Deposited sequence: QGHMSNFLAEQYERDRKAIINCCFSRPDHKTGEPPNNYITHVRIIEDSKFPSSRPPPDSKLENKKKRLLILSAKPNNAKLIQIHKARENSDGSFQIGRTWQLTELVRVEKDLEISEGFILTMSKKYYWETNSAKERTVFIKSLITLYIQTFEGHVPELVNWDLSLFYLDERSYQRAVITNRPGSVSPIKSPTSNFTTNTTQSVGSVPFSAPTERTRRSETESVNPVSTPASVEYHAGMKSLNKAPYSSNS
């Protein structure tokens, strides 16, 4: 049907906002939810492409969440969460967007991508077009935040981020 993903997106969006981005803490106000995506992670291969025959025991169902601090729209955080049996979510790891250094596309797997903060993280989405939507959301959010800079882009179609060759090489942090 190709439109169930949009149905579960809004469902997860309300779930994420209800438990993690609406109530105060202990206590700054909650961050502002921006977007999210469902990712898959290989437990014994978290930083590289897993082998094609990795049994389902190694796979994890996680989510990546992008949010900004409530008093500063230029401090974007990258969160990582999992679904509790109760139905809500629990944030496990939070990165600062300034830590983003490299974003790499997997040329072989239409769902896999690599984010590089202090370490390398290999993740893959459920469908090929969910990788495109989220990465375009993340790169756009970075250019908008950091004065029009870009992390090192590898194997990406620069036209997806409204860039070409001479404008990427002019805003790349390297």
Checklist entry - What stretches of this chain's deposited sequence are missing C-alpha coordinates? => result 1 to 3, 30 to 31, 180 to 250
